[PDB]
Each structure stands twice: as structure tokens, then as C-alpha cells.
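Worksheet: one structure, shown below.
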Amino acid sequence: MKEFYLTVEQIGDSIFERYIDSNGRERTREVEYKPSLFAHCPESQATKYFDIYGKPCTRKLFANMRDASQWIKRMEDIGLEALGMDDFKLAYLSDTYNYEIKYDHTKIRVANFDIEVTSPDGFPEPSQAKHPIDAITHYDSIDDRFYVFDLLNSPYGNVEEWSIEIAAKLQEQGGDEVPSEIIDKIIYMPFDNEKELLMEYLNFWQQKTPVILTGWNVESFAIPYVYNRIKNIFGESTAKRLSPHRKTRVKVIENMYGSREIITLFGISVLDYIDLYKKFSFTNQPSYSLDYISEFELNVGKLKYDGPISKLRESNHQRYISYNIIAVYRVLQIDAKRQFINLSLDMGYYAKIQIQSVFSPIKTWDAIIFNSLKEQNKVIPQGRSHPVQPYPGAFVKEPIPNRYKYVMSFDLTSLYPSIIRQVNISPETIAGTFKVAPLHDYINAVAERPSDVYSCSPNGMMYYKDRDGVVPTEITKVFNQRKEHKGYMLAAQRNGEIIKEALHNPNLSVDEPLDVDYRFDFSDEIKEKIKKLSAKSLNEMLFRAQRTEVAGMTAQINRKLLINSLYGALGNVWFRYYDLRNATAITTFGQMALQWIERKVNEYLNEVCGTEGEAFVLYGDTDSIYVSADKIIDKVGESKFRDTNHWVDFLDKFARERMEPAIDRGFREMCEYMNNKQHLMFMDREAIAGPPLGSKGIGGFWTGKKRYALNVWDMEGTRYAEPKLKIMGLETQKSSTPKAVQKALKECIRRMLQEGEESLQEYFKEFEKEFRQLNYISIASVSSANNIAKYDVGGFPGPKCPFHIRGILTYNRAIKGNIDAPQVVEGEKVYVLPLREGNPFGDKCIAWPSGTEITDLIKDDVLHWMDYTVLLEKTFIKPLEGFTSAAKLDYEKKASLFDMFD
DNA sequence: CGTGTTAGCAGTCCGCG
DNA sequence: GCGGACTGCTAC
Ligand SMILES: Nc1ncnc2c1ncn2[C@H]1C[C@H](O)[C@@H](COP(=O)(O)OP(=O)(O)OP(=O)(O)O)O1
Ligand SMILES: [Ca+2]
Ligand SMILES: [Ca+2]
Ligand SMILES: [Ca+2]
Ligand SMILES: [Ca+2]
Ligand SMILES: [Ca+2]
Ligand SMILES: [Ca+2]
Ligand SMILES: [Ca+2]
């Protein structure tokens, strides 16, 4: 097999590299790497090296890496460009793996771990590590084994060994319900004392050194705790055995009260799953505890126990250890679903970077572009310093706030990357400028045609047509992967609906789920078999279709993020290829395109509907337009339609056969106008929206920019079995809105769009009546606790103190001296509740760490002093009034002359 | 060491015979 | 007590 790297580090003049060899064995080598950098030279000098603008360069081959670095300094002091890859480990990788890396994950040691630390004096701070590590579960991807390190004797208690037999037993038998499929994978190691546990752990670590190290919060707790604990017991050099190159870097963060650390372990690529989740999941969660995320991702129940965690080991060691093991498995289960490790590996090897650099789009792109240019013997420019300047972005139309009965939306595919490719926007393809007319003038095609010769953006930039730029070239490759995965995703989505439709009439028989690939549309034969399957088999098939869809989603949306991140990088001062002309060329072209196509759609629809001068396009944002289809429906008359699906079919046909070709013509013309390199403005029908036929449903509404709701029947070729609500920007979509309120506001919206005012009024009355019976956590607001200290004036609110911060401060006063009441962590999320006047807390609100029950010592009082009235008004009523006034609808029956009657 | 801009709502502070 | 300027937080 072809070789591939595992990790790479620069330490002084040495590259330290862990890799897999031709036989597939792990190896480590140290290399005194001899880097090259480049300087411009005279044209009269014959060379094979050119900068990206075609200017000749000369190679400087250096004796070592410090010399190369010191040369860059001397060049800076002289005032001349020092060209080439200045991050030497990227160059090393590029030299060593001068081919498309084909890697084998089965050879990569992925470690997943978590530790327990009993602490009677509050949170066990990793910087201090003053408490014993009394449990470690470490899963190894190569052994496929959970290695359990269990401390039996501690200052905080001596316990008996943990029982695997009892762990496997159901909770109802008094066991821990450790999932049966990992029971056989556990290797259990008890210890009489901490020192020998840790010694064994280190020696185990040396045998099975992680390449990828993951888990939940390992970066902020587990890794620094282990490191510091081993340091305090055996000394720093022993703690340094955690690095395969015996090298660590310790950096301390301080603010006012608490002190924290993150430890860099050289030769390991740490990918904290919480970080992967936050970057790649496209959620925003009210809490980031593992219990919460596992429940959200896996529908697994919360790992409940009696008493505080500080006493769980002594009171129930059996469960303590079992929960350590389960918490580690849960991360593996989440990754089995979301596949972020797979994505990080794909991305990392594709770019040729340290795997941990997938968190940096800038490092990723710099690496991709460098490798692309190196292949052509081209030399990359030196990074330069730039002041941060603002620049203009996308166009968002101001909608008339109203209900909108029938809506069809249209969307441009992967817009900004498409603009990059259409216009041929790159650092080295800039041809020159033209004098700009006002934007309105291009939108309306009255402005003089920018160029007969070059490809143009309405920001005034001109580009070469007859040569590809590195940026369009490289963005196209990733765009094309993204398209492949999205196709698989939509196919699995469509397959999902075929199953949901078949679950309407399940068959009374015992069979099994069909062996199929959900990434492709079910054939007619498969569809015929599905109609005859049992509910049990269909539901297993639906589960698999949905797992296939999530997998295709992870893969497509994060490739999308990466390419869009190349657009943004052009507007980041740290990017080697930072250029506000290129960034603005993209955004201004986008503004033109959206508004150009608005006019063309309005023109076309007035033509075919035989009217003149009316606004069919009701909204637009960046790359998408929303068309009122009322007059399309009215042109034929509703009476002609048999059912909902009928008119949906009608609009589907209308959009695809009539509108899209008009849109295509429209953009073809715009491309000619800007004299662009390749037409890539592909605007296709997105959603079809309306109320059920014959209902009193209103179909949809806008309240303002970025705030709207639609009852959608078809989305990107997916015909839903049941209508799905597409809600954007409204409180139902916000993580700060209480869970139960999201649920109630969504049902309010469902009723408005599908059923009508009267149905809405029925629900509202019911929810107002039962509001005060809801669980306090379900009705708490949520927020991030940033800059707590900045508003902390003797434990009281300082000037302009935010509501949620006031709540935290109130909490801090109430838990003063509680010793082991959970502290609010800076930057983390809290639940928030308003308090009635005269409460024992001495303020109008309280806040506590989210995903948790508020501590028992103050819980009673919180429940007693909650202001439900304020809570209802602020979280539910005020937003609902916003929705209903926009839709010209009432949530409460208004008074009228009829009230005089019985 | 480090993708981007556009945009609404909640809250504090301030003015307000 | 309701607006306007301001911070803080949260669809493309
Ligand atoms: N995370 C982001 N970073 C930078 N720019 C973004 C981001 N999200 C969106 N944009 C900009 C660039 C996008 O091309 C444009 C439109 O975004 P979006 O509506 O998500 O669809 P898209 O056209 O990029 O892709 P799709 O093919 O999924 O429709 O807005
Ligand atoms: Ca734990
Ligand atoms: Ca789009
Ligand atoms: Ca689309
Ligand atoms: Ca059937
Ligand atoms: Ca869009
Ligand atoms: Ca089309
Ligand atoms: Ca109390």
C-alpha cells in the first residue's frame, strides 16, 4: 500500500513525523528538514520557478529551519518579499507525499477517553489537579476495546471491584444496563493505589499511543487533568511521556477568579468532540453536557443517579464505573451517526495538514492552494499585514409584512463559489478595472457594458477569461465532491418519504428489512416490495434511510462550509490571498444577480399572466427569491384542483417547464453582459408552499427580513408524505427560547398555516391555561454567560448589566458558602428565570448552568418565586403577537357587537 | 494563532411638565 | 411607559 502520514510537528530544526509505511506499520522518524524559500530575481536569469504573476524567482535552499526563519526577518528589514511556504511542516508534507493521499483509517489509532475525579471541595480544577484520578475509560479504535482503569483505594473511600455481570444486567434487575454489544469489548483493570494506576496508564499509553485523541471536553478537562496530576505525583518529565516526542506546551488562561490551562501534546492530534460537534453539526444547543447531546442525537435516556457526583463513587461505585464506560461509548455512538472523525480525516489528508487544522479554513486553504501551485513549479506570495476594513455583503429585500397564501421559492446553487467560477476570480487572474455605474444601472441593463474583452463584476473588477485561476480551479474540485454527497443525501431523503408513505398501510407479517443502498432512488421493483413489508421492517428501513441522509448531510454541508470559507478567507487579513477587490467582486456580483433576476421574474410572470407592473417576487435574501403564486393559482381557478397534491403538481410543472427556462434565459443574458468566462448561475425551484386545499390555512407569512414561516409540500424534489413547516428566524428556531415555548409557538404556527385563526385561538387558550403546570426547565430562557466579571461589582450588578448576567450574579450570592454548588463557567450557557418582587434572592431574575437541575438548596425557592406572568408575556405572547399582527390575524377573539348575544 | 456581512429582538439607560 | 441609542445575543 501507498504510505501516508499520521502526525507532523516542527521542534527546532527537526520535523517529527509519525506515519504508516508501505507494509502498513506505524513508524516515527526525525528529520533535519532543509526548507526552501524564494526571492524575485532578474528576467535575464533562467529559472524554473515563477511567482503567481509570472515573475521569475530564485530558490534559496537552507541548511536548517532557523536559518530560513532568520532569512525571512532579514528580508523584511531590507524591504523585499520572501516567497514560499513559511509553515515548514506543510512543505515537508508536500515534499514527502507528492501524490493524492489514499489513507486507511483502520491503521490510524483513534482514542476516545474520559476520566473521573471525586472532589468534595467543588470543581476539580485541572491546573491544580489536587484530587485523585479514580477512574479512566480509554477506548482504542485498533483493538476495538474499552480499557477500564479503576481505583479501589482513595482518601475519599475504599470500594469493592466493579462487576461486569451487574453492569450488563437491566436497570430493573438493579444493574447498569451497559449495552450488550460492548460487554465483550471491556478490559477491566482494578488498582490498590493511584500511583500504580497512573504508571500502568502511561505504560499502556506508550504501547497504544493515540494518533487522533478525542472524547467529550478532553481538551479543557481530561487531558490537562491527567497531565497535571501525573506532573504533581511523578514530576514534569514523566507527565511528558504523554507526548510520543516527549514535548509539551503549557498555556494558561486567566480572568479574575479561576485559572485554566490547555496542554499541547506534540505528536498527537487532539480533536475534542465538543469542538467537532460545534463546528460541523450545524446546531446551536441550549446545553452542551454529554447527557443532553446524546439525548438529542441518539434519543437515549439521561444517565440518572441518586445524590451528587462528588458522592457517587462512595455510595455506588458499581454505577460510577459503569457510567464512565457508557459516557465514552456515547461519543462513539454520536460519531457513528455524524461521522465527524471521518470528515476530519478526509479533509486533513486532502489538504495535507495536521488533522487538528481542519478547525481552520484558512490553514486548510493555504495548504490546498500551496500544493496546487507547487505542482506547477509556482511560488506562493509572502503573507502581508493588513488593517481590518469592513466591506459590503449580500442584498436582502424588505418584505411587506403579511400572510402569503401560495409561495414558490427559487434558489441559486452554491452561489458565491459559482460566482468565483463564473467570473474567474483569483489573485492571479486580475486583468484591471472599469469605471463603475451605480448598481441599479446594471440591475436594469441601462449601464454601459463593462468590457468586450474581460470577465467583469459590477464592483469594477475585470478578470482574464482565457486562463483558469488557482482559486476557481481548487474551489471547483471541492464543489464537485459536495454535489456528489448532496445527491446521496437528497436521494436518501426521497427514499425516506417513500417509506413514510408505506407506513400508512403496514402489512401483517414477519419479514426483514430490504438490502438496499439508500444513496440512490429506489427502483420500481424495490418500491413494490416496500408496499408489502411489515411495520417492524419498514421502520428499520426508515432508520437506515435517515442514517444514510445524516451521513450525506455531514459530508455535503461541511464541504459547502469549506468552499464558502474560501470566499470569507479573501476577506480575512490573515489569509495569504486576502483581497477586498476579490471579496467585493463576489458580493456585489451577488447583489446584482439576485436583483437582476427579480426583475426578470416579475417581467416574465406579468407577461404569462397577461398583467402589467405587479410584484410577484415578495422577498429575497442573497441567492434566493420567494414568488407569490396566488395569481398563477387564480389564473386557472382553485375549483379545478382535485386535492392539494394536484395543485402542487401543477406548480411543480409550471416552475420547471416555464419559469426555470425563463430564469435560465435571464441569467444567460446577464453572463453575456458581464462578459463572464462560464455561465454558472443555476437558479432552480426550491420550495412549493400553500395551505391544504379547502382549509382555512393561510399558507405562509413574513414579519420582516430573515423572519418567516411556510407550509411546504415539496422541497428540492422531495414530495413530503406530510407537510413540513419551514420556519426561519422566528423564536421557534432560537436556542434562547424555552423548549416548551418553541413547541407551543410552532403548533400555533402550524395551526395558522394549515388550519386557520379559529384553530389557533383554541390552542392559545389551552396553552395559557396549562402554562403554569410546565416543568421549570422547559420554560426557562437560555443564554451565554459572557463577560460575567465585567459586570460584577461586589457581587452585585454594575452599569448596563445584561439580564442574564444579573441572574448569574444573583445565583452566585445565593450559593455563597455552598462549597459544592455548581459554579457558572464564563462563556458557557445558563438557564434564566424571572423572579417575583420580594423574593429572598433580592433581585428580578436568577440563572444557573444549563442542562442541569438548579442546586437543591435553592431549587425550592426558585420554584416558589418564579414569575410565570412575566415568563408567559416575554417568551410566548410577545413573539406570538409579532406573528399574528404580521399575518393580520388574532390569537384572542377581539370584542364585537355579537358579545351582546347569548 | 485566526472564513465573511446582513439583520431582528431583548435589554439597560436616558429623556420626558 | 414608550421612543431612541446602545450592547449582547442569536440567516445568508
Ligand atoms: N457560513 C458561511 N460563510 C460565508 N458565506 C456564507 C455562509 N453561508 C452562506 N454564505 C453566503 C455564501 C453562499 O454561497 C450564499 C448563499 O448561501 P446559502 O443560501 O446557504 O446557499 P448556497 O447557494 O451557498 O448553497 P446551496 O447550494 O446549498 O444553495 O451566502
Ligand atoms: Ca463524568
Ligand atoms: Ca443557494
Ligand atoms: Ca438549492
Ligand atoms: Ca402496504
Ligand atoms: Ca439560500
Ligand atoms: Ca434547471
Ligand atoms: Ca434556601
Side-chain angles (χ1 to χ4, degrees), chain A residues 87 249 251 262 264 279 282-286 354 356-366 383 386 388-399 401 411-412 414-417 475 558 560-580 582-584 586-588 590-591 594 619-625 702-708 726-737 781-788 790-791 797-807 827 829-830 832 834 844-845 870 873-875 878-879 881-883 886:
Chain A
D87 185 341
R249 179 169 292 173
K251 68 197 77 199
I262 65 102
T264 308
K279 194 182 175 51
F282 278 80
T283 61
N284 190 8
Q285 302 290 22
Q354 292 176 134
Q356 62 268 34
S357 293
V358 302
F359 293 109
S360 169
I362 286 183
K363 184 63 62 182
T364 306
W365 281 114
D366 197 42
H386 317 284
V388 171
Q389 285 179 288
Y391 69 94
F395 176 76
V396 182
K397 192 197 174 58
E398 189 77 61
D411 176 77
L412 285 153
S414 188
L415 183 63
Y416 281 17
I475 214 177
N558 283 290
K560 171 181 170 175
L561 178 66
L562 179 70
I563 62 186
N564 288 350
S565 288
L566 184 55
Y567 145 72
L570 293 162
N572 185 295
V573 298
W574 304 109
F575 194 47
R576 194 179 303 280
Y577 310 100
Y578 171 77
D579 197 340
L580 250 36
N582 282 347
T584 304
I586 300 162
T587 63
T588 321
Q591 287 206 21
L594 185 73
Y619 182 67
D621 180 348
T622 309
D623 63 324
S624 76
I625 62 173
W702 272 252
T703 79
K705 287 167 164 183
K706 289 172 196 278
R707 288 174 63 88
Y708 64 93
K726 182 186 162 80
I727 308 171
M728 301 304 310
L730 307 183
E731 283 69 10
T732 52
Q733 307 312 109
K734 290 169 85 165
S735 65
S736 45
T737 300
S781 292
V782 177
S783 189
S784 302
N786 295 303
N787 293 303
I788 308 162
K790 205 247 277 220
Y791 298 96
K800 290 183 287 182
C801 186
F803 195 81
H804 65 290
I805 305 304
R806 175 178 305 268
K829 284 187 200 191
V830 298
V832 182
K844 60 183 190 172
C845 63
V870 165
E873 293 265 36
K874 295 201 295 192
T875 60
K878 209 178 186 303
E881 213 287 321
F883 309 161

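In what follows, every chain begins at residue 1, and chains take the letters A, B, ... in the order their sequences are listed.
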**Prompt:** Does OP1 or OP2 of C:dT10 have a side-chain N or O of A:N284 closer than 4.0 Å?
**Reply:** no

**Message:** What is the distance, to the nearest angstrom, from the CD atom on A:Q591 to the P atom on B:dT5?
**Reply:** 13 Å

**Message:** Can you list everything that forms a salt bridge (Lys or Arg N to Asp or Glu O under 4.0 Å) with A:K363? Sequence neighbours excluded, please.
**Reply:** A:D87

**Request:** With the side chain of A:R707 defined as its heavy atoms from C-beta on, choose the nearest nucleotide among C:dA11, B:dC9, B:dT5.
**Result:** B:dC9

**Message:** I'd like the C1' distance from C:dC2 over to B:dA10, given in whole Å.
**Reply:** 15 Å

**Request:** Would you check if A:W574 stacks with the base of B:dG2, given a 5.5 Å centroid limit and a 30° plane limit, both strict?
**Result:** yes

**Asked** When the ring planes of A:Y416 and A:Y567 are compared, do they come out parallel, tilted or perpendicular, using 30° and 60° as the limits?
**Response** perpendicular

**Message:** Side chain of A:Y708, heavy atoms from C-beta onward: which of B:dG11, C:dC9, C:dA11 has the nearest atom to it?
**Reply:** C:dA11

**Asked** Does the side chain of A:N787 get closer than 4.0 angstrom to OP1 or OP2 of C:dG8 through an N or O atom?
**Response** no

**Request:** With sequence neighbours left out, write down each residue that passes side-chain hydrogen bond (donor to acceptor under 3.5 Å, both in side chains) with A:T732, or none if nothing qualifies.
**Result:** none

**Message:** Among B:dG4, C:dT10, B:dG8, which nucleotide has an atom closest to any side-chain atom of A:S784?
**Reply:** C:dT10

**Prompt:** Atom CE in A:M728, atom NZ in A:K706: separation rounded to 0.5 Å?
**Reply:** 9.0 Å

**Asked** For A:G571, which contact category applies under a 4.0 Å heavy-atom criterion: base, sugar-phosphate, or nothing?
**Response** sugar-phosphate

**Message:** Distance check, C1' atoms only: C:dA11 and B:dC1, in whole angstrom units.
**Reply:** 29 Å

**Asked** Where do A:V782 and A:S735 come nearest, in terms of heavy atoms and distance?
**Response** CB-O, 3.5 Å

**Message:** Students often get this wrong, so: under 4.0 angstrom with heavy atoms, is A:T587 touching a base, only sugar-phosphate, or nothing?
**Reply:** nothing

**Request:** Write down the distance between CZ (A:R576) and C1' (B:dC1), rounded to a whole number of angstrom.
**Result:** 14 Å

**Item:** Given C:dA11, C:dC9, B:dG8, the nucleotide with the shortest approach to the side chain of A:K734
**Value:** B:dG8

**Shortest side-chain distance from A:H804, nucleotide among C:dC9, C:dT10, B:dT3** = C:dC9

**Message:** Any side-chain N or O of A:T622 below 4.0 angstrom from OP1/OP2 of C:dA11?
**Reply:** no

**Asked** Does A:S360 put a side-chain nitrogen or oxygen below 4.0 Å from OP1 or OP2 of B:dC1?
**Response** no

**Prompt:** A:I586 CD1 to B:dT3 P: how many Å, rounded?
**Reply:** 16 Å

**Item:** Shortest non-hydrogen separation from A:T875 to A:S781 and the atoms involved
**Value:** CG2-OG, 3.7 Å

**Request:** Measure the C1'-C2'-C3'-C4' torsion in the sugar of C:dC9, then label it north if positive and south if negative.
**Result:** south

**Item:** Euclidean distance, atom CD1 of residue A:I805 to atom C1' of C:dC9 [Å, nearest integer]
**Value:** 11 Å

**Prompt:** Taking N and O atoms by type only, does the side chain of A:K705 place a donor or acceptor under 3.5 Å from a partner on the base of B:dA7?
**Reply:** no

**Prompt:** Contact class for A:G393 (heavy atom, under 4.0 Å): base, sugar-phosphate, or nothing?
**Reply:** sugar-phosphate

Restricting both atoms to N or O, compile the protein contacts to nucleotides 5-7 of chain C shorter than 3.5 Å, with distance only.
none

**Prompt:** Taking only N and O in the side chain of A:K874, is any of them less than 4.0 Å away from OP1 or OP2 of B:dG11?
**Reply:** yes

**Prompt:** For the side chain of A:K844, counting heavy atoms from C-beta on, which of B:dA7, C:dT10, B:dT12 is nearest?
**Reply:** B:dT12

**Request:** Determine: side-chain N/O of A:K878 to OP1/OP2 of B:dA10, distance under 4.0 Å, yes or no.
**Result:** yes

**Request:** Return the 5'-most residue of the pair A:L566, A:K397 with respect to DNA chain B, ranking by each residue's nearest nucleotide.
**Result:** A:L566

**Prompt:** Where the side chain of A:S736 is defined as all heavy atoms beyond and including C-beta, which of B:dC1, C:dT10, C:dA11 is the nearest nucleotide?
**Reply:** C:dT10

**Item:** Rounded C1' spacing from C:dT10 to B:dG2 in Å
**Value:** 22 Å

**Asked** Taking atom P in both B:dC14 and C:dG8, what distance in whole Å separates the two?
**Response** 16 Å

**Item:** Rounded distance in Å - OH (A:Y391) to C1' (B:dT6)
**Value:** 12 Å

What side-chain donor-acceptor pairs closer than 3.5 Å can you find for residues 569-578 of chain A, not counting sequence neighbours?
residue	atom	partner	partner atom	Å
A:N572	OD1	A:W574	N	2.7
A:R576	NE	A:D366	OD1	2.7
A:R576	NH1	A:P381	O	2.9
A:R576	NH2	A:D86	OD1	2.9
A:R576	NH2	A:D366	OD2	3.1

**Item:** Set of residues satisfying side-chain contact (heavy atoms from CB on, under 4.5 Å) with respect to A:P361, sequence neighbours excluded
**Value:** A:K279, A:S565

**Request:** Please tell me which of the listed nucleotides, B:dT6, C:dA11, B:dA10, lies nearest to the side chain of A:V396?
**Result:** B:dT6

**Message:** Run the salt bridge (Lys or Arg N to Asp or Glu O under 4.0 Å) test against A:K397 and tell me which residues pass, sequence neighbours left out.
**Reply:** A:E598

